[PDB]
Amino acid sequence: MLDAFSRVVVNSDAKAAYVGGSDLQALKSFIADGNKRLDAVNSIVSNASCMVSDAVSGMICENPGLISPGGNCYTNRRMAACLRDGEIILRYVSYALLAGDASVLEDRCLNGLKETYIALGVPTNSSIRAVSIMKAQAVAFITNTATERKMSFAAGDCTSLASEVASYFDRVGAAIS
Amino acid sequence: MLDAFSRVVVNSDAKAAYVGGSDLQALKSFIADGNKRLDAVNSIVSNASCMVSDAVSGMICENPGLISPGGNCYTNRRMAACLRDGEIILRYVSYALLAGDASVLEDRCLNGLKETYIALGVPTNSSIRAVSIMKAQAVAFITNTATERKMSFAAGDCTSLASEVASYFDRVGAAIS
Amino acid sequence: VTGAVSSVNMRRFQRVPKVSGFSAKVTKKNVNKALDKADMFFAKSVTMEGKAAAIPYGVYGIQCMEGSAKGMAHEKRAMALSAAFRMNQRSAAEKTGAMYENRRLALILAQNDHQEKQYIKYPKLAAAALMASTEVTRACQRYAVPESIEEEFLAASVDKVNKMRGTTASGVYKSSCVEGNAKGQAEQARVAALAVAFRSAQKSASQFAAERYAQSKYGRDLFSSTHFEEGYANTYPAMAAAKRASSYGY
Amino acid sequence: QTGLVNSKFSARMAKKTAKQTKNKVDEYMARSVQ
Amino acid sequence: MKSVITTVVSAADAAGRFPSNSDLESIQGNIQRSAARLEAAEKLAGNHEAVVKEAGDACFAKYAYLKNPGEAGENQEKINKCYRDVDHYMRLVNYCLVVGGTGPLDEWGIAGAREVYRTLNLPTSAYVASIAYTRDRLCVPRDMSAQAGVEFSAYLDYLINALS
Amino acid sequence: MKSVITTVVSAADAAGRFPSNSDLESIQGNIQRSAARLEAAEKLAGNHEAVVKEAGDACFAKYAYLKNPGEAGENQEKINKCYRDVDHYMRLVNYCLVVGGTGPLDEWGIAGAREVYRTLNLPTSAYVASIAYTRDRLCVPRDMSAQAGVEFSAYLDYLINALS
Amino acid sequence: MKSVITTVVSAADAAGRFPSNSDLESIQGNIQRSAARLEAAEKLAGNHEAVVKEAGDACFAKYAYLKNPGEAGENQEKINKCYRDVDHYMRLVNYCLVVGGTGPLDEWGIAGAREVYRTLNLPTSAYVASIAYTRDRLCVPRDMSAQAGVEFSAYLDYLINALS
Amino acid sequence: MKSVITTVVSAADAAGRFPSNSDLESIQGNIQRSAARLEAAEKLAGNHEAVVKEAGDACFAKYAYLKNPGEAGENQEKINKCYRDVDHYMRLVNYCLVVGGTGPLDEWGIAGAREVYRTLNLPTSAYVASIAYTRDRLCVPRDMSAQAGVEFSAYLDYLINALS
Ligand SMILES: *C(=C)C1=C(C)[C@@H](Cc2[nH]c(/C=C3N=C(/C=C4\NC(=O)[C@H](C)[C@H]4CC)C(C)=C\3CCC(=O)O)c(CCC(=O)O)c2C)NC1=O
Ligand SMILES: *CCC1=C(C)C(=O)N[C@H]1Cc1[nH]c(/C=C2\N=C(C[C@H]3NC(=O)C(CC)=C3C)C(C)=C2CCC(=O)O)c(CCC(=O)O)c1C
Ligand SMILES: *[C@@H](C)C1=C(C)C(=O)N[C@H]1Cc1[nH]c(/C=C2\N=C(C[C@H]3NC(=O)C(CC)=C3C)C(C)=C2CCC(=O)O)c(CCC(=O)O)c1C
Ligand SMILES: *[C@@H](C)[C@H]1/C(=C/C2=NC(=C\c3[nH]c(C[C@H]4NC(=O)C(C=C)=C4C)c(C)c3CCC(=O)O)/C(CCC(=O)O)=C2C)NC(=O)[C@@H]1C
Ligand SMILES: *[C@@H](C)[C@H]1/C(=C/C2=NC(=C\c3[nH]c(C[C@H]4NC(=O)C(C=C)=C4C)c(C)c3CCC(=O)O)/C(CCC(=O)O)=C2C)NC(=O)[C@@H]1C
Ligand SMILES: *[C@@H](C)[C@H]1/C(=C/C2=NC(=C\c3[nH]c(C[C@H]4NC(=O)C(C=C)=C4C)c(C)c3CCC(=O)O)/C(CCC(=O)O)=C2C)NC(=O)[C@@H]1C
Ligand SMILES: *[C@@H](C)[C@H]1/C(=C/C2=NC(=C\c3[nH]c(C[C@H]4NC(=O)C(C=C)=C4C)c(C)c3CCC(=O)O)/C(CCC(=O)O)=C2C)NC(=O)[C@@H]1C
Ligand SMILES: *[C@@H](C)[C@H]1/C(=C/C2=NC(=C\c3[nH]c(C[C@H]4NC(=O)C(C=C)=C4C)c(C)c3CCC(=O)O)/C(CCC(=O)O)=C2C)NC(=O)[C@@H]1C
Ligand SMILES: *[C@H](C)[C@H]1/C(=C/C2=NC(=C\c3[nH]c(C[C@H]4NC(=O)C(C=C)=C4C)c(C)c3CCC(=O)O)/C(CCC(=O)O)=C2C)NC(=O)[C@@H]1C
Ligand SMILES: *[C@H](C)[C@H]1/C(=C/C2=NC(=C\c3[nH]c(C[C@H]4NC(=O)C(C=C)=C4C)c(C)c3CCC(=O)O)/C(CCC(=O)O)=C2C)NC(=O)[C@@H]1C
Ligand SMILES: *[C@H](C)[C@H]1/C(=C/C2=NC(=C\c3[nH]c(C[C@H]4NC(=O)C(C=C)=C4C)c(C)c3CCC(=O)O)/C(CCC(=O)O)=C2C)NC(=O)[C@@H]1C
Ligand SMILES: *[C@H](C)[C@H]1/C(=C/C2=NC(=C\c3[nH]c(C[C@H]4NC(=O)C(C=C)=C4C)c(C)c3CCC(=O)O)/C(CCC(=O)O)=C2C)NC(=O)[C@@H]1C
Ligand SMILES: C=CC1=C(C)[C@@H](Cc2[nH]c(/C=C3N=C(/C=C4\NC(=O)[C@H](C)[C@H]4CC)C(C)=C\3CCC(=O)O)c(CCC(=O)O)c2C)NC1=O
Ligand SMILES: C=CC1=C(C)[C@@H](Cc2[nH]c(/C=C3N=C(/C=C4\NC(=O)[C@H](C)[C@H]4CC)C(C)=C\3CCC(=O)O)c(CCC(=O)O)c2C)NC1=O
């Protein structure tokens, strides 16, 4: 699996050249906001047990036909499975934010996930509604603008990391839609 | 497995003691020369493959019966396995040099070596001589005292960590003989 | 620049699937081409989930070593990825016979009625659901150390029959049991497998107790149908641990 | 690997089996009473 | 016992390799966070009594029904046990900083405790009401240094993440 | 490939865990070295046309039998492919100077190495004649900073110990 | 079909080795030995309609309970389906001469044959009695040569030891 | 030790069969072709004192770099050591001559051969320098008979093609 640092060398070795001056400018800066990047993902992994119910009760209370008989969250075994895919996706996204590259995201989590859900019959529209709440939660956890949890932080900018994590969640939404 | 930090807590969980600053002065005295530990781990892997080639030729030159039919290190298969396991015990004692204490050497290398080195017929006097080569070679690298090579390190007092690794080959010779 | 219009074959990935006729022929062969990719995600989902019990708390374990010397780790999947070419190189009856054999064994360890349906429809999942159970509950041959000299005879007595289906009806060798493909690989498979063996007998004192009852339970659940058959499993676990699942050749 | 009987070369089981530990606890108890 | 050491040397073992540069590199960074997570220990190990004193009534101010008969905290030695049980959790974290990983919790408080608490009918919500008080009864500049208090909260919510 | 973070993010993927303070302290090590270790990585980039003419001709001048017919270095244009294999490899040391670990050297220069040399009669002892001389031309006062020299030698003799 | 050469190439493939001198020596002994066992094949092929007629009713002489109502040979179509099976086994021992081994017998005539005869109520003693009449009526210097007779008879008893 | 008859009594042991017709037909080849390769055994064992002598000086005629210091043949104690190693190689091919197959080579001169020489810096080019010269050195009437030269060379290049 690649990361941001190992993305550079593959494109450096796509055209078989060294690393000069013009490539590590997005790498000497990548380690500058790396100290924010640890402060970034320490916020997401401190709340993912609280986030996944905060995002799977939302997909119930918007479309309540899932818990109807014959719905794809009906029994208590269906619900326990759906609470686990929402912990897997929030586990693999949190890897890609720390890696700084989505190479981990669609080799271990997303490659073939769509036609898996096609064969299972998991509804694709109610799954993006499940995903996007965790997108709208992570951007309200990174920039410390949750309603109910204000954490201690060094003062400064953090919207670039929220911009980065917002680019990973919609890869999950696009891969199955 | 355990490290130099999973040693202080197991000697407190057996007495249910809080790890306070009475014995945390030695952990503050572990990281104090904590640079020189990995500034010594570099001094084995840098020339690791030529280390056992100095050992097994030192074993052959001291005891030349192993080249005879009936000596253990005879055939191309049986020379290979002695060349194979002369490396392996060097690899694990580099971990014990790294990790702070030898609770991984006594649990994944010595766990049944004493019985498979008597149930196979491996000469335990040359085996303790193979170790006795690679104990005196570490103190020709960790003290920069190789005869055919110098190494650029910051010069200082480091020989307390030289007797550290000398306390570790006297734990693998104290295993199979 | 001449105005090159897009090809008619490039346009044929833009049509709607209709039922009546040749359109159903192409609709079929692209669905099951993608149903195959569903199983390869089904099988991989349980493959690394069972593997997730081997690494218990993030630290890696002595069971999941892939090599111990320099070239030992890298040569392993050269054997593995070429063995996968030898698995799908089989005949029809070698394949359909292995389909229905796993459906007889996966059906008798499923706790759910959903899990029963997951094994009937997707045959590559029913395969790896058997294999993953023996890895975590260590009831393989490669994890069983026999505790006596009669057990080392008794385990040797059953895998002489297990190796006897790695050959055809006339005694010529099948493609299944094969230990090498290149110059020196077959010798490298030997020096590989002893490091598995030195570490199979290197477990904790608490984990030899666990697979002692498990291999006894493994033999009398899937292979035994009578009282004497569940007597050799109660008494000698490694003799029951060497009972393979007949879809292999070895 | 296979059984010790066929298709394998060198010895196994460098592990103190449950009978083998019974002899040592016998011997330590005997050297004490000696 | 997970740490930065036992993770890079156990994963490197399965490939059959020596310490690489990257395995050497992480333990350089172990000394960078060393001065903080060491520093939080002697404050917790120095005043552990009053911290677990405020941890147990936080179980009780939310749930005073535990003192009912037929319940978990009916007599004294069912409550005298309870102040010790969260003390064991508040002593496990002192072990959890010093190794610097997910070491002592995952073995000694998290593995299989979902059946220890369930079969003995203990309310598992009563445990997470205790440790989610000390996570935010804590001041940043007064209790310890500002940087070591980032580590201290970072483990309690993991324990909050686990029992819930 | 094997970086400082690809191992420690896959050593928590394997257990199905979220990345905790052992998996996060590992990347603090990728800063306090990567400031120092990136001092030499682009110094290799500028003078890379002179290092291959530093070692690659001292090989052929020392192991001078290789210019007879019946060898691999018999003609003229086959020498250029033996000169290309020096800036094929210390190109990769620059690539592994930047990615923290040794990964792109292992997949692209060690995996599948010895089977090709042993077949096509390419003596790997004449490989290390160039490289261990390149290992001993580094003049760490003049060439670079001190600690980036021992991050350049350490990746260099990783190649001696693995070609061997 | 198991024969002289298919087994040694399958044992060389199963170790990945090239054809050795072991497998090249093992076909030297196929060249001289074919000059005997071939001469039973065409000798039996030219005269098969007289062998299976004599070897057929030598089953209805030893057992004549087969023509009782209920048993295997009751009506004339069932008797013809008995003579044909003798003619089948005479083909598969003709094929074992030209193949050079036990191959075509235990592919098409032995495998599964235990279960068909048991289910269809056919007595396997009537099958070995019609084969052993042919094995003993074998004039070794008249019907063939000496070494063609040691090979023609060596398949008729492998079939007998298979059916019992 | 793989030979002409242990490759068929193990192939019949695998299927759990009695010795069939095919495997005997192999060992007939281990009479006819066996006579030539055991005739050639006396050619080699009678003059083994000089085929190690006419090969060891050819090593120090083509590859003339090994007498230098730092090389493989730095002094006299290692030069005769190298001369000793040629003596082991056709000793096993004399063993392969009498056994019939490639028995005492694949277990003794091939098994783990490349892993040893790569450690102590021994070129496979210098080991096959001895053997490839003496392969097509012999003339077919003087050294042995005609077809024995087909036996000796086809066992000689096997040690070349596998070490290379
Ligand atoms: C049902 C109809 C319904 C819900 C269930 C609920 C879900 C929901 N939540 C948001 C926005 C957030 N959800 C968050 C999760 C949590 N909030 C917390 O403070 C704790 C830590 C955690 C619960 C354990 C967070 C952090 C946000 C962002 C803002 C904030 O500070 O809370 C949405 C989307 C926003 C919207 O539509 O208004 C939804 C649907 N809300 C419901 O309506
Ligand atoms: C415990 C089993 C396990 C888990 C979990 C896992 O993620 N990987 C294995 C063990 C393991 N192996 C490595 C490193 C390597 N593993 C291999 C084997 C792979 N090669 C293959 O062909 C296949 C079949 C698909 C596999 C799995 C190889 C070649 C390496 C690299 C060797 C090298 O030279 O670096 C690791 C991590 C350490 C690392 O260096 O990545 C683990 C846990
Ligand atoms: C497959 C399971 C087999 C059946 C059935 C069988 O009868 N023989 C097996 C296939 C086979 N293997 C060889 C040759 C070798 N096999 C080797 C591997 C074994 N040696 C080991 O140390 C270990 C692990 C402990 C194993 C499995 C090796 C080595 C060889 C020699 C390779 C060579 O080049 O000589 C053969 C050929 C017959 C023979 O036994 O040599 C067959 C049919
Ligand atoms: C946007 C997401 C946030 C925000 C982020 C910032 N964090 C800054 C500094 C910072 N974070 C840490 C802790 C981190 N480093 C570690 O070594 C570990 C544990 C292994 C962690 C979790 C540290 C140490 C620092 C440096 C300051 C300090 O001494 O604590 C930061 C400052 C600038 C920068 O570092 O680039 C920012 C902007 N801050 C915010 O206001 C929002 C909420
Ligand atoms: C190989 C070139 C290594 C290397 C190894 C070192 N070996 C060191 C000491 C040492 N050498 C031998 C064997 C040597 N003495 C003999 O009599 C014979 C032949 C019969 C040989 C091959 C032994 C037994 C020992 C242990 C101590 C001793 O007895 O001298 C050593 C330390 C001294 C020095 O060389 O400066 C080293 C460094 N050197 C290398 O660079 C590659 C990796
Ligand atoms: C009181 C307000 C508490 C509470 C405490 C109780 N715990 C009981 C039993 C118990 N708890 C543990 C876990 C604890 N002990 C440890 O040693 C460690 C760490 C290593 C932990 C986390 C154990 C092991 C046990 C059994 C042994 C023992 O008695 O200590 C308990 C008795 C239940 C019963 O006997 O059925 C009580 C009342 N209960 C509560 O509801 C709150 C949380
Ligand atoms: C004492 C044990 C026996 C006896 C043995 C003799 N057999 C003789 C010759 C013979 N037998 C066969 C067939 C057998 N040999 C093979 O090579 C194969 C297949 C590979 C088979 C089935 C042959 C080919 C021969 C050689 C003569 C010929 O060309 O047919 C024999 C003759 C003397 C000799 O061995 O050279 C003897 C004494 N004979 C007996 O009377 C007792 C009972
Ligand atoms: C010159 C013709 C050769 C060469 C030979 C050297 N070999 C040296 C050591 C050595 N060789 C072997 C393998 C040997 N043992 C066997 O059982 C067989 C055949 C089955 C062979 C060929 C071993 C195990 C050893 C180590 C023990 C020993 O000294 O015998 C050697 C000395 C190296 C040293 O100084 O340590 C030499 C010079 N070297 C060459 O360059 C060409 C290939
Ligand atoms: C060499 C310096 C010794 C010597 C060694 C021999 N060892 C032989 C087999 C063997 N060696 C080990 C050690 C090693 N391999 C491992 O996998 C592990 C731990 C994971 C260790 C420590 C083992 C376990 C074995 C048995 C498995 C195997 O066959 O490799 C051996 C040949 C035995 C044979 O093939 O008959 C030799 C010669 N012998 C010596 O004389 C020196 C002292
Ligand atoms: C050139 C830079 C490439 C390359 C091109 C070749 N394409 C050949 C046939 C072909 N090309 C396309 C692409 C184009 N046509 C479309 O309609 C669309 C969009 C839907 C695209 C992008 C298609 C679809 C086809 C197949 C249809 C057809 O032309 O019949 C072609 C002919 C090969 C031949 O002679 O058999 C070539 C050479 N090939 C190259 O190697 C470079 C990299
Ligand atoms: C046991 C039920 C089977 C069996 C399987 C084989 N496994 C082979 C290699 C192998 N497999 C694993 C995966 C193992 N590690 C885990 O962490 C988990 C669960 C999550 C499992 C199942 C490992 C680590 C290895 C060793 C490294 C490797 O892949 O080589 C194997 C040999 C294939 C090969 O050489 O590649 C087999 C046959 N063995 C049995 O006999 C029963 C049927
Ligand atoms: C004659 C010596 C027997 C006897 C035999 C009968 N066999 C009957 C059916 C039958 N036979 C075979 C085996 C044979 N058929 C094959 O196609 C081949 C291989 C190419 C062989 C060796 C089979 C498989 C079957 C069943 C199918 C079929 O009818 O061909 C048979 C008819 C049974 C019935 O009609 O009830 C008879 C009577 N009967 C005798 O009197 C002696 C015992
Ligand atoms: C990942 C790779 C990696 C390393 C290899 C080390 C590299 C390293 N070594 C030392 C520093 C040192 N290293 C040694 C060690 C020695 N000196 C000797 O004379 C002996 C030959 C040898 C073992 C006794 C000593 C004595 C010091 C100075 C002591 C100190 O720094 O406190 C230092 C601190 C000073 C400096 O900035 O250089 C560093 C960073 N750190 C890393 O991150
Ligand atoms: C196992 C087989 C086997 C052999 C072949 C010989 C191999 C052999 N032949 C010769 C020796 C010789 N061999 C030949 C024969 C020839 N010389 C050529 O260059 C022609 C190609 C070829 C013609 C047929 C001649 C003419 C000599 C004597 C000249 C010499 O080589 O010095 C010598 C050196 C002298 C001696 O015998 O001590 C040796 C070792 N020994 C053996 O054990």
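Just so we're on the same page: letters track the sequence lines, and every chain starts at 1. Just follow the structure's listing: the first ligand is 1, and inside any ligand the first atom is 1. Below, all heavy atoms of this structure are taken into account, side chains as well, without hydrogens, waters or symmetry copies.
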Is the closest heavy-atom distance from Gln137(B) to ligand 5 below 4.0 Å?
yes
Any protein N or O within less than 3.5 Å of an N or O in ligand 4? List each pair with its distance, or say none.
from	atom 1	to	atom 2	distance (Å)
ligand 4	7 (N)	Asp39(A)	OD2	3.0
ligand 4	11 (N)	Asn35(A)	O	3.4
ligand 4	11 (N)	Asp39(A)	OD1	3.1
ligand 4	11 (N)	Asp39(A)	OD2	1.3
ligand 4	15 (N)	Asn35(A)	OD1	2.7
ligand 4	17 (O)	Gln28(F)	NE2	2.3
ligand 4	29 (O)	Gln147(E)	NE2	2.7
ligand 4	30 (O)	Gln147(E)	OE1	3.4
ligand 4	30 (O)	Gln147(E)	NE2	1.3
ligand 4	39 (N)	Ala154(A)	O	2.7
ligand 4	41 (O)	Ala154(A)	O	2.9

Regarding [X] and [Y], is there a side-chain donor-to-acceptor distance under 3.5 Å anywhere?
X	Y	value
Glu74(G)	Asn68(G)	no
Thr143(B)	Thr145(B)	yes
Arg17(F)	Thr102(E)	yes
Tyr133(F)	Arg137(F)	yes
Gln32(E)	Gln28(E)	no
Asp85(G)	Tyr127(G)	yes

Atoms of ligand 5, numbered as shown, that sit under 4.0 Å from any heavy atom of [X]:
X	answer
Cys61(B)	19 (C), 20 (C)
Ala140(B)	32 (C)
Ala146(B)	34 (C), 36 (O), 38 (C)
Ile133(B)	24 (C)
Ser57(B)	22 (C)
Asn47(B)	43 (C)

Does NZ belonging to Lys78(H) count more than 12 external heavy atoms closer than 6.0 Å?
yes
Run the salt-bridge test on [X] and [Y] with the 4.0 Å N-O cut-off and return the result as yes or no.
X	Y	value
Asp157(E)	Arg149(A)	yes
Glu25(F)	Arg37(E)	yes
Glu87(B)	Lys70(C)	no

Hey, does the side chain of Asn47(A) reach the backbone of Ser43(A) with a donor-acceptor pair shorter than 3.5 angstrom?
yes
Check each N or O atom of ligand 12 against all protein N or O atoms and list the pairs under 3.5 Å, with atom names and distances to 0.1 Å, one per line.
from	atom 1	to	atom 2	distance (Å)
ligand 12	7 (N)	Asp85(G)	OD2	2.9
ligand 12	11 (N)	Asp85(G)	OD2	3.3
ligand 12	29 (O)	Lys81(G)	NZ	1.3
ligand 12	30 (O)	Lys81(G)	NZ	2.8
ligand 12	30 (O)	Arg84(G)	NH2	2.9
ligand 12	36 (O)	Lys78(G)	NZ	2.5

Could you tell me whether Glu148(B) and ligand 5 have an N or O pair separated by under 3.5 Å?
yes
Give the minimum heavy-atom separation between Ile31(B) and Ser34(E), together with the two atoms involved.
CD1-OG, 3.3 Å
Would you name the heavy atoms of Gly86(B) and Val52(B) that are closest together and state the gap between them?
O-CG1, 3.4 Å
